[PDB]
Structure formats: structure tokens, C-alpha cells
>>> print(open('data-v3.cif').read())   # mmCIF, N, CA and C atoms
data_protein
#
loop_
_atom_site.group_PDB
_atom_site.id
_atom_site.type_symbol
_atom_site.label_atom_id
_atom_site.label_comp_id
_atom_site.auth_asym_id
_atom_site.auth_seq_id
_atom_site.Cartn_x
_atom_site.Cartn_y
_atom_site.Cartn_z
ATOM 1 N N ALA A 1 0.825 -1.203 0.000
ATOM 2 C CA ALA A 1 0.000 0.000 0.000
ATOM 3 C C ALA A 1 0.862 1.257 0.000
ATOM 4 N N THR A 2 1.535 1.508 1.119
ATOM 5 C CA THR A 2 2.393 2.679 1.249
ATOM 6 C C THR A 2 3.866 2.289 1.196
ATOM 7 N N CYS A 3 4.605 2.911 0.282
ATOM 8 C CA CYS A 3 6.026 2.630 0.127
ATOM 9 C C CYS A 3 6.648 3.532 -0.935
ATOM 10 N N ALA A 4 7.663 4.292 -0.539
ATOM 11 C CA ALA A 4 8.345 5.195 -1.456
ATOM 12 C C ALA A 4 9.078 4.421 -2.546
ATOM 13 N N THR A 5 9.281 5.067 -3.691
ATOM 14 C CA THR A 5 9.969 4.438 -4.812
ATOM 15 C C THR A 5 11.379 4.013 -4.424
ATOM 16 N N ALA A 6 11.725 2.769 -4.737
ATOM 17 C CA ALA A 6 13.047 2.241 -4.423
ATOM 18 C C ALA A 6 14.143 3.197 -4.884
ATOM 19 N N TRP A 7 15.224 3.263 -4.115
ATOM 20 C CA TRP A 7 16.343 4.138 -4.445
ATOM 21 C C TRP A 7 16.795 3.925 -5.885
ATOM 22 N N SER A 8 17.218 5.005 -6.535
ATOM 23 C CA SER A 8 17.674 4.935 -7.919
ATOM 24 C C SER A 8 18.925 5.784 -8.121
ATOM 25 N N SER A 9 20.028 5.127 -8.469
ATOM 26 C CA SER A 9 21.292 5.819 -8.690
ATOM 27 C C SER A 9 21.206 6.731 -9.910
ATOM 28 N N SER A 10 20.226 6.471 -10.768
ATOM 29 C CA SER A 10 20.036 7.265 -11.977
ATOM 30 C C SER A 10 18.993 8.356 -11.752
ATOM 31 N N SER A 11 18.855 8.784 -10.501
ATOM 32 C CA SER A 11 17.890 9.820 -10.150
ATOM 33 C C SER A 11 18.319 10.554 -8.882
ATOM 34 N N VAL A 12 18.900 11.736 -9.058
ATOM 35 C CA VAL A 12 19.355 12.540 -7.930
ATOM 36 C C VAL A 12 18.185 12.954 -7.043
ATOM 37 N N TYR A 13 18.349 12.777 -5.737
ATOM 38 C CA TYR A 13 17.307 13.130 -4.780
ATOM 39 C C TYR A 13 17.672 14.402 -4.021
ATOM 40 N N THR A 14 16.702 14.949 -3.296
ATOM 41 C CA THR A 14 16.918 16.166 -2.523
ATOM 42 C C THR A 14 16.091 16.159 -1.243
ATOM 43 N N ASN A 15 16.088 17.287 -0.541
ATOM 44 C CA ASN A 15 15.335 17.410 0.703
ATOM 45 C C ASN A 15 13.885 16.981 0.506
ATOM 46 N N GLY A 16 13.430 16.051 1.342
ATOM 47 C CA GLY A 16 12.065 15.570 1.244
ATOM 48 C C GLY A 16 11.955 14.297 0.428
ATOM 49 N N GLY A 17 12.913 14.087 -0.470
ATOM 50 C CA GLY A 17 12.901 12.900 -1.305
ATOM 51 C C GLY A 17 12.853 11.621 -0.492
ATOM 52 N N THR A 18 11.829 10.809 -0.730
ATOM 53 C CA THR A 18 11.668 9.550 -0.011
ATOM 54 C C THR A 18 11.808 8.359 -0.953
ATOM 55 N N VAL A 19 12.349 7.262 -0.434
ATOM 56 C CA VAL A 19 12.537 6.053 -1.228
ATOM 57 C C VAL A 19 12.418 4.804 -0.363
ATOM 58 N N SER A 20 12.578 3.641 -0.987
ATOM 59 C CA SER A 20 12.486 2.372 -0.274
ATOM 60 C C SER A 20 13.750 1.542 -0.478
ATOM 61 N N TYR A 21 14.086 0.734 0.522
ATOM 62 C CA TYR A 21 15.272 -0.110 0.457
ATOM 63 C C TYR A 21 15.386 -0.988 1.700
ATOM 64 N N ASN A 22 15.805 -2.233 1.500
ATOM 65 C CA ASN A 22 15.958 -3.174 2.604
ATOM 66 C C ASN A 22 14.618 -3.434 3.287
ATOM 67 N N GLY A 23 13.532 -3.172 2.565
ATOM 68 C CA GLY A 23 12.207 -3.383 3.117
ATOM 69 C C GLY A 23 11.699 -2.178 3.884
ATOM 70 N N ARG A 24 12.556 -1.175 4.043
ATOM 71 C CA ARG A 24 12.189 0.038 4.764
ATOM 72 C C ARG A 24 12.137 1.235 3.821
ATOM 73 N N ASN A 25 11.938 2.421 4.389
ATOM 74 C CA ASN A 25 11.866 3.645 3.599
ATOM 75 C C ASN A 25 12.866 4.679 4.105
ATOM 76 N N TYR A 26 13.674 5.207 3.193
ATOM 77 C CA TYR A 26 14.677 6.205 3.547
ATOM 78 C C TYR A 26 14.266 7.590 3.054
ATOM 79 N N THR A 27 14.620 8.615 3.823
ATOM 80 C CA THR A 27 14.289 9.989 3.466
ATOM 81 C C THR A 27 15.519 10.886 3.532
ATOM 82 N N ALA A 28 15.839 11.527 2.414
ATOM 83 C CA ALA A 28 16.991 12.418 2.346
ATOM 84 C C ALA A 28 16.728 13.714 3.106
ATOM 85 N N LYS A 29 17.776 14.512 3.284
ATOM 86 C CA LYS A 29 17.659 15.781 3.994
ATOM 87 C C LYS A 29 17.931 16.955 3.058
ATOM 88 N N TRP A 30 18.651 16.686 1.974
ATOM 89 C CA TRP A 30 18.980 17.720 1.000
ATOM 90 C C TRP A 30 19.491 17.104 -0.297
ATOM 91 N N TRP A 31 19.907 17.954 -1.228
ATOM 92 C CA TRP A 31 20.420 17.492 -2.513
ATOM 93 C C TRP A 31 21.500 16.434 -2.318
ATOM 94 N N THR A 32 21.345 15.303 -3.001
ATOM 95 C CA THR A 32 22.307 14.213 -2.902
ATOM 96 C C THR A 32 22.335 13.387 -4.183
ATOM 97 N N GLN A 33 23.535 13.010 -4.612
ATOM 98 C CA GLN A 33 23.699 12.217 -5.824
ATOM 99 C C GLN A 33 23.635 10.726 -5.512
ATOM 100 N N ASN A 34 23.838 9.902 -6.535
ATOM 101 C CA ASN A 34 23.803 8.453 -6.370
ATOM 102 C C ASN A 34 24.665 8.020 -5.188
ATOM 103 N N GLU A 35 24.015 7.675 -4.082
ATOM 104 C CA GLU A 35 24.724 7.243 -2.883
ATOM 105 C C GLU A 35 23.927 6.177 -2.134
ATOM 106 N N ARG A 36 24.634 5.191 -1.592
ATOM 107 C CA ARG A 36 23.994 4.110 -0.852
ATOM 108 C C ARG A 36 23.269 4.649 0.379
ATOM 109 N N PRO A 37 21.931 4.561 0.363
ATOM 110 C CA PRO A 37 21.094 5.034 1.470
ATOM 111 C C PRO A 37 21.234 4.165 2.716
ATOM 112 N N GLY A 38 21.137 4.793 3.884
ATOM 113 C CA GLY A 38 21.256 4.062 5.131
ATOM 114 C C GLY A 38 22.672 4.059 5.670
ATOM 115 N N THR A 39 23.648 4.038 4.766
ATOM 116 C CA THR A 39 25.052 4.030 5.157
ATOM 117 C C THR A 39 25.556 5.445 5.423
ATOM 118 N N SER A 40 24.884 6.429 4.834
ATOM 119 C CA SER A 40 25.266 7.825 5.006
ATOM 120 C C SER A 40 24.162 8.607 5.713
ATOM 121 N N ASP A 41 24.562 9.581 6.522
ATOM 122 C CA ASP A 41 23.609 10.405 7.256
ATOM 123 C C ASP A 41 22.595 11.037 6.309
ATOM 124 N N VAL A 42 22.988 11.197 5.050
ATOM 125 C CA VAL A 42 22.113 11.789 4.044
ATOM 126 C C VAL A 42 20.745 11.115 4.041
ATOM 127 N N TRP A 43 20.747 9.789 3.971
ATOM 128 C CA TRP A 43 19.504 9.024 3.960
ATOM 129 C C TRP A 43 19.224 8.421 5.331
ATOM 130 N N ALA A 44 18.018 8.652 5.840
ATOM 131 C CA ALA A 44 17.626 8.129 7.143
ATOM 132 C C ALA A 44 16.275 7.426 7.068
ATOM 133 N N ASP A 45 16.173 6.277 7.729
ATOM 134 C CA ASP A 45 14.935 5.507 7.736
ATOM 135 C C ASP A 45 13.793 6.319 8.340
ATOM 136 N N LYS A 46 12.762 6.566 7.540
ATOM 137 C CA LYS A 46 11.607 7.331 7.994
ATOM 138 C C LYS A 46 10.373 6.440 8.104
ATOM 139 N N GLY A 47 10.600 5.133 8.197
ATOM 140 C CA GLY A 47 9.497 4.196 8.308
ATOM 141 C C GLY A 47 9.794 2.869 7.635
ATOM 142 N N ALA A 48 8.746 2.101 7.358
ATOM 143 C CA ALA A 48 8.899 0.804 6.712
ATOM 144 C C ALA A 48 8.192 0.775 5.362
ATOM 145 N N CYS A 49 8.611 -0.146 4.500
ATOM 146 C CA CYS A 49 8.019 -0.277 3.173
ATOM 147 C C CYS A 49 7.142 -1.523 3.090
ATOM 148 N N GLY A 50 5.921 -1.349 2.595
ATOM 149 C CA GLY A 50 5.004 -2.468 2.470
ATOM 150 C C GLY A 50 4.985 -3.049 1.071
ATOM 151 N N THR A 51 5.253 -4.347 0.967
ATOM 152 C CA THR A 51 5.268 -5.023 -0.324
ATOM 153 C C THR A 51 5.204 -6.537 -0.153
ATOM 154 N N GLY A 52 4.888 -7.237 -1.238
ATOM 155 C CA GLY A 52 4.801 -8.685 -1.186
ATOM 156 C C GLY A 52 5.890 -9.362 -1.994
ATOM 157 N N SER A 53 6.350 -10.514 -1.518
ATOM 158 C CA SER A 53 7.401 -11.259 -2.202
ATOM 159 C C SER A 53 7.059 -12.744 -2.269
#
>>> encode(input="data-v3.cif", output="C-alpha cells")
Amino acid sequence: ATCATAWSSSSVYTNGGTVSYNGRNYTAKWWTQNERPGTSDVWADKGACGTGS
């Protein structure tokens, strides 16, 4: 139901930009280029991602 678009290295994100990864959802704080979310302070888990596998 609710889940941000999975992170995309081919799509620069910015403040407010939300995405999904590792089953959770990450939210950036400002302009950021292709970078592994969760490993950098840039991306922070703002919840969980709902999906079926």
C-alpha cells in the first residue's frame, strides 16, 4: 500500500525525497547524488516499506 519508490542511482534526490530499500523507507535531507542510502547520514529511515514477495 504505502512505500516510497526504491532508491535509484540514476535519479538525484533532494530534501524531502523519499525512497524504499531493505524493506524500509529512507528519506533524504537535501540534494544528494547516487549514494547508498542508510550508510550515510544523508539518507535516514523514515518508516517501513510495504510489499509482497
>>> atom_distance(input="data-v3.cif", atom1="atom N of residue 10 of chain A", atom2="atom C of residue 45 of chain A")
20.2 Å
>>> resolve_selection(input="data-v3.cif", expression="the PyMOL selection byres (((chain A and resi 52 and name CA) around 12) and name CA)", output="VMD selection string")
chain A and resid 1 to 3 23 49 to 51 53
>>> atom_distance(input="data-v3.cif", atom1="atom CA of residue 40 of chain A", atom2="atom CA of residue 4 of chain A")
18.3 Å
>>> resolve_selection(input="data-v3.cif", expression="the PyMOL selection byres ((chain A and resi 11-15) around 6)", output="list in words")
residues 8, 9, 10, 16, 17, 28, 29, 30, 31, 32, 33 and 34 of chain A
>>> atom_distance(input="data-v3.cif", atom1="atom CA of residue 44 of chain A", atom2="atom CA of residue 25 of chain A")
8.1 Å
>>> resolve_selection(input="data-v3.cif", expression="the PyMOL selection byres ((chain A and resi 7) around 6)", output="PDB file with N, CA and C atoms, in the coordinates of the input")
ATOM      1  N   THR A   5       9.281   5.067  -3.691  1.00  0.00           N
ATOM      2  CA  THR A   5       9.969   4.438  -4.812  1.00  0.00           C
ATOM      3  C   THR A   5      11.379   4.013  -4.424  1.00  0.00           C
ATOM      4  N   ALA A   6      11.725   2.769  -4.737  1.00  0.00           N
ATOM      5  CA  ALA A   6      13.047   2.241  -4.423  1.00  0.00           C
ATOM      6  C   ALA A   6      14.143   3.197  -4.884  1.00  0.00           C
ATOM      7  N   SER A   8      17.218   5.005  -6.535  1.00  0.00           N
ATOM      8  CA  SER A   8      17.674   4.935  -7.919  1.00  0.00           C
ATOM      9  C   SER A   8      18.925   5.784  -8.121  1.00  0.00           C
ATOM     10  N   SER A   9      20.028   5.127  -8.469  1.00  0.00           N
ATOM     11  CA  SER A   9      21.292   5.819  -8.690  1.00  0.00           C
ATOM     12  C   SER A   9      21.206   6.731  -9.910  1.00  0.00           C
ATOM     13  N   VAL A  19      12.349   7.262  -0.434  1.00  0.00           N
ATOM     14  CA  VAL A  19      12.537   6.053  -1.228  1.00  0.00           C
ATOM     15  C   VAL A  19      12.418   4.804  -0.363  1.00  0.00           C
ATOM     16  N   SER A  20      12.578   3.641  -0.987  1.00  0.00           N
ATOM     17  CA  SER A  20      12.486   2.372  -0.274  1.00  0.00           C
ATOM     18  C   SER A  20      13.750   1.542  -0.478  1.00  0.00           C
ATOM     19  N   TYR A  21      14.086   0.734   0.522  1.00  0.00           N
ATOM     20  CA  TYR A  21      15.272  -0.110   0.457  1.00  0.00           C
ATOM     21  C   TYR A  21      15.386  -0.988   1.700  1.00  0.00           C
TER      22      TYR A  21
END
>>> select_by_dssp(input="data-v3.cif", residues="chain A", states="strand (DSSP E)", output="list in words")
residues 18, 19, 20, 21, 24, 25, 26, 27, 44, 45, 46, 47 and 48 of chain A
>>> build_atoms(input="data-v3.cif", residues="segment 5-19 of chain A", atoms="N, CA, C and O atoms", output="mmCIF file, in the coordinates of the input")
data_model
loop_
_atom_site.group_PDB
_atom_site.id
_atom_site.type_symbol
_atom_site.label_atom_id
_atom_site.label_comp_id
_atom_site.auth_asym_id
_atom_site.auth_seq_id
_atom_site.Cartn_x
_atom_site.Cartn_y
_atom_site.Cartn_z
ATOM 1 N N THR A 5 9.281 5.067 -3.691
ATOM 2 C CA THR A 5 9.969 4.438 -4.812
ATOM 3 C C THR A 5 11.379 4.013 -4.424
ATOM 4 O O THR A 5 12.140 4.797 -3.854
ATOM 5 N N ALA A 6 11.725 2.769 -4.737
ATOM 6 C CA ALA A 6 13.047 2.241 -4.423
ATOM 7 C C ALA A 6 14.143 3.197 -4.884
ATOM 8 O O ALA A 6 14.010 3.858 -5.912
ATOM 9 N N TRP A 7 15.224 3.263 -4.115
ATOM 10 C CA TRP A 7 16.343 4.138 -4.445
ATOM 11 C C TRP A 7 16.795 3.925 -5.885
ATOM 12 O O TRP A 7 16.762 2.805 -6.397
ATOM 13 N N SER A 8 17.218 5.005 -6.535
ATOM 14 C CA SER A 8 17.674 4.935 -7.919
ATOM 15 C C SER A 8 18.925 5.784 -8.121
ATOM 16 O O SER A 8 18.893 7.004 -7.966
ATOM 17 N N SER A 9 20.028 5.127 -8.469
ATOM 18 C CA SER A 9 21.292 5.819 -8.690
ATOM 19 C C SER A 9 21.206 6.731 -9.910
ATOM 20 O O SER A 9 22.010 7.650 -10.069
ATOM 21 N N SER A 10 20.226 6.471 -10.768
ATOM 22 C CA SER A 10 20.036 7.265 -11.977
ATOM 23 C C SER A 10 18.993 8.356 -11.752
ATOM 24 O O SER A 10 18.328 8.798 -12.688
ATOM 25 N N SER A 11 18.855 8.784 -10.501
ATOM 26 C CA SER A 11 17.890 9.820 -10.150
ATOM 27 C C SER A 11 18.319 10.554 -8.882
ATOM 28 O O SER A 11 18.126 10.061 -7.771
ATOM 29 N N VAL A 12 18.900 11.736 -9.058
ATOM 30 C CA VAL A 12 19.355 12.540 -7.930
ATOM 31 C C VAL A 12 18.185 12.954 -7.043
ATOM 32 O O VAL A 12 17.158 13.423 -7.532
ATOM 33 N N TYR A 13 18.349 12.777 -5.737
ATOM 34 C CA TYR A 13 17.307 13.130 -4.780
ATOM 35 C C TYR A 13 17.672 14.402 -4.021
ATOM 36 O O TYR A 13 18.807 14.877 -4.090
ATOM 37 N N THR A 14 16.702 14.949 -3.296
ATOM 38 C CA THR A 14 16.918 16.166 -2.523
ATOM 39 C C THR A 14 16.091 16.159 -1.243
ATOM 40 O O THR A 14 15.471 15.155 -0.900
ATOM 41 N N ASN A 15 16.088 17.287 -0.541
ATOM 42 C CA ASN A 15 15.335 17.410 0.703
ATOM 43 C C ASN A 15 13.885 16.981 0.506
ATOM 44 O O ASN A 15 13.193 17.480 -0.380
ATOM 45 N N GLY A 16 13.430 16.051 1.342
ATOM 46 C CA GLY A 16 12.065 15.570 1.244
ATOM 47 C C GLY A 16 11.955 14.297 0.428
ATOM 48 O O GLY A 16 11.021 13.516 0.604
ATOM 49 N N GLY A 17 12.913 14.087 -0.470
ATOM 50 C CA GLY A 17 12.901 12.900 -1.305
ATOM 51 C C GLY A 17 12.853 11.621 -0.492
ATOM 52 O O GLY A 17 13.727 11.370 0.338
ATOM 53 N N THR A 18 11.829 10.809 -0.730
ATOM 54 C CA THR A 18 11.668 9.550 -0.011
ATOM 55 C C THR A 18 11.808 8.359 -0.953
ATOM 56 O O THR A 18 11.432 8.432 -2.123
ATOM 57 N N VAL A 19 12.349 7.262 -0.434
ATOM 58 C CA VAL A 19 12.537 6.053 -1.228
ATOM 59 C C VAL A 19 12.418 4.804 -0.363
ATOM 60 O O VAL A 19 12.186 4.890 0.843
#
